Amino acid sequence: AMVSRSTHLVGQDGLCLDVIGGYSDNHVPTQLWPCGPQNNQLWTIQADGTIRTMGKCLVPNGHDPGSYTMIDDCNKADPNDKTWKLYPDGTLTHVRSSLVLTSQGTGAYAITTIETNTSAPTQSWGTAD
């Protein structure tokens, strides 16, 4: 049986997927940020295919290459918006589009996007406690 797992999502240079400012409002974007204990870097990978933080779901704002990612209300989002799959090698795919979560820098406020998979170092996401 698949069980939920809470984890940090660790990307390029060991920075963590982070909701900017720690706010849990709908449509707040995600970025990379130095890893810390804050709740906005704690993600739960669920069996249902959602990835959640602070009670909200990671979603792209659109389904095209270059769409930025954000959090939004889960129950309201359609499966296409909210379903992801994390592969063992680190690819984090947006299931409906086949695009993958991609970082856009390690400096502040570098908003993550979904892009065509190029097996770039910006497209590998590790789990950590």
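Sequential numbering from 1, following the sequence displayed.
> Taking only the CA atoms, which stretch has the higher mean B-factor in the record, 72-80 or 55-63?
Replying inline: Comparing averages over the C-alpha atoms only gives 72-80.
> When the C-alpha temperature factors are averaged for each of 92-100 and 37-45, which stretch ends up with the higher value in the entry?
Replying inline: According to the entry, 37-45 carries the higher average C-alpha B-factor.
>> Maximum C-alpha temperature factor per the entry, among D18, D13, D25, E115, belongs to which one?
In response: Among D18, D13, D25, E115, the highest C-alpha B-factor in the entry belongs to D13.
>> Among the modelled residues of this chain, does the Cα B factor of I111 put it in the lowest, middle or highest third?
In response: Lowest third - that is where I111 ends up once the chain's C-alpha B-factors are sorted.
> Hey, what third does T122 fall into on Cα B-factor, ranked over its chain?
Replying inline: Middle third of the chain for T122's C-alpha B-factor.
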